[PDB]
Amino acid sequence: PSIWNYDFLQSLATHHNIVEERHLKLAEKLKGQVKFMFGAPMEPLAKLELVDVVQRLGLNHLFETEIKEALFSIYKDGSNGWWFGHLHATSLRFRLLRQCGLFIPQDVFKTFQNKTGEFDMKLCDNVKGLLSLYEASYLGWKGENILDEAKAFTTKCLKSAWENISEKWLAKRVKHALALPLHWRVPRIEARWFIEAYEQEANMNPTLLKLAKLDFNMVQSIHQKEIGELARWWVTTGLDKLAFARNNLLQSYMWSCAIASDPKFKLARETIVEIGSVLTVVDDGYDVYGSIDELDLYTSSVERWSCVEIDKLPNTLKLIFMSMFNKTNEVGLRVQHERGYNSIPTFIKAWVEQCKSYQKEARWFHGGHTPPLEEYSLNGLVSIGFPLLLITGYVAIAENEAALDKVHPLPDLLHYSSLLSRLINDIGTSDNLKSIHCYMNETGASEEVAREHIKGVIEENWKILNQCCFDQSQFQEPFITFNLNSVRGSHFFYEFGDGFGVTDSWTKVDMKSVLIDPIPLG
């Protein structure tokens, strides 16, 4: 059974994993034994390692209060003797505390450097310590040159030392980390990878391992049902036939699930896959089905947000416009019923920025114009669609109708998250205009050098986003990680090319193990 088989996808609404009452009971028992692990007196570094594997296994949504207490208690120890001079301990402490909003200066790594700012080369025996530093180096901000050097230093030693690793489980971790750092992987996808990797690690706790498979399957059964209900809506509305040469519906659900996987985020996840799925069809409409003048009518019809003066639109654009208009209005009604507030005005502004961004790209393409990279980038962060999808997610979790006002003008959080997703997509694509061509045209650089440069811009916009995640004045979790998870989805879908638009790519392996196949227990 393939993931592009919609008959099979529609069958998940009734043929999903069945969670037995014995599994409900065993998960409750294991949850309590793990809670005891968090409360029991542990050496500080052993407590950090319990949080790390609980987060990596995807179980962190069951112990958010425990992880916060543990992390906050380590943030005020006062005694630094258990980590100072220790690479692994210093690296994990810096990463775990910065990942929850607790700032830790880059200066804590000055002690592993020489007087010229070179990390001492005696640290290559401790590969686990280099791995932890590598992972912590990606939490850096703009101007933290010690973290940059650590990243460069660890990538080199880890690459060179990889064939000399005797512990098989550490080699696996090092290969996985060099491919993508843990800060750039989507937590739900890494959870399934780590469940299979943890079972073979040194002092793997069998209780945490059984709770991870149990909870994973339990949460995976909730996705399968929504996936089957999504496939039935897609095929029933005939959106199936508006999509141009594509059978990539599950990819859209994988992205939505990457942003919000916990079962309690049903509204944000279903709301984001419905708007995103429909957005791939308006994308197809500005890119393949309409002419410059036809899309201008579409664009102005979106600014008026009306289905009145739409007779002047071609057949395929008439259906696409109505599909986008209806589904968004239907989501507005669903949100008025579930949260008691009107999102329609917030959705209209997001759909007009989206279509205006598609209109600039279409006009540029029509007149053979290639703008400066900065002008293309400001439009490109909108045209990628994350401002509309991330706003859709904020609509599902806002505190009241007046809180929807924080999304206009676009906040730095969504701005930088969307810019990264635009450039990451550009880098995973090979006559449509991208950032690569815009930089080539502005500097006379070659396609290979232009691509290496944009890879560097991505690296610097991650540093801005990292520091921008500390300004918790307007947004807070879980919306901050909804934003980070959207960029992590981009890294996963474009790691080796187009893994989102190609119906059969390397992306089906992880989509099948995360959304379709349950883990075996016994």
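Ideal geometry is used to build each Cβ from the backbone, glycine not excepted, and the neighbour counts take in all protein chains shown. Since every read-out is calculated from the coordinates, none of them should be taken as a lab result.
Quick notes on this structure:
- For the pair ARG246 and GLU167, a Förster radius of 51 Å applied to the C-beta separation gives a FRET efficiency near 0.75, rounded to the nearest 0.05.
- Computed extension length for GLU28-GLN336: 107.4 nm, one decimal, from 0.36 nm per residue of separation with the Cα-Cα distance subtracted.
- Alpha carbon convex hull of region 219-522, volume per residue in cubic angstrom: 140 Å³
- Nonlocal amide H pairs with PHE119, under 5 Å, H built at 1.01 Å: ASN114
- Counted residue by residue at 0.36 nm each, then reduced by the alpha carbon distance between them, the extension gain from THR116 to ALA46 reaches 21.9 nm.
- For region 22-218, the orientation-averaged shadow of the C-alpha convex hull comes to 11.3 nm² (one quarter of the hull surface).
- Residues whose amide H falls under 5 Å from that of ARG185, counting only those 5 or more places apart or on a different chain, are absent, with hydrogens built in the peptide plane.
- Taking Cα centre as origin and charging only the Cβ of basic (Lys, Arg, +1) and acidic (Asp, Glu, -1) residues, the dipole magnitude of region 22-218 rounds to 520 debye.
- Taking each residue as 0.36 nm, the span from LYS406 to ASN80 lengthens on full extension beyond its C-alpha to C-alpha distance by 113.4 nm.
- Ranking of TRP305, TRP462 by count of other Cβ atoms within 10 Å, fewest first: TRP305, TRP462
- Unsatisfied cross-links (Cα-Cα over 19 Å) in the set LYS241/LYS312; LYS76/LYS122; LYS151/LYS508; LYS25/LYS213; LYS327/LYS349; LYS25/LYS210: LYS241/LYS312; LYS76/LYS122; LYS151/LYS508
- Histogram of C-alpha separations across the chain, 10 Å bin width, %: 3, 17, 28, 27, 16, 7, 1, 0
- Using the Karplus relation 6.51 cos²θ - 1.76 cosθ + 1.60 with θ = phi - 60°, the per-residue 3J(HN,Hα) values for region 271-288 come to 5, 6, 6, 5, 6, x, 4, 5, 6, 5, 8, 7, 5, 4, x, 7, 9, 9 Hz, with x marking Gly and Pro.
- Put in line by how crowded their Cβ is, counting other Cβ atoms within 10 Å and starting with the fewest, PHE325, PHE500 read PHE325, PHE500.
- For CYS468, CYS355, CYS307, order by how many other beta-carbon atoms lie within 10 Å, fewest first: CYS307, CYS468, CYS355
- Options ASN342, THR65, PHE492, ranked by Cα towards positive dipole end of the chain, top entry (Cβ charges): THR65
- Calculated mean residue ellipticity at 222 nm for the chain: -20000 deg cm²/dmol, from DSSP H runs with n ≥ 4 weighted as -39500 (n - 2.57), summed, divided by the residue count and rounded to 500.
- P(r) tail, region 1-101: Cα-Cα pairs separated by more than 20 Å, 53% of all pairs.
- Note, ³J(HN,Hα) from phi for region 443-454, Karplus 6.51, -1.76, 1.60, rounded to Hz, x at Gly and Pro: 10, x, 7, 7, 4, 5, 6, 4, 5, 5, 6, 5
- From phi via Karplus (6.51, -1.76, 1.60), per-residue ³J(HN,Hα) for region 110-115 in Hz, x at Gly/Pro: 4, 6, 9, 10, 9, 7
- For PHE244, residues with placed amide H under 5 Å, excluding near neighbours: none
- Cα centroid separation, region 283-319 to region 396-421: 27 Å.
- Dipole in debye (nearest 20) - the chain, about Cα centre, beta carbon charges: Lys, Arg +1; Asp, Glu -1: 1240 debye
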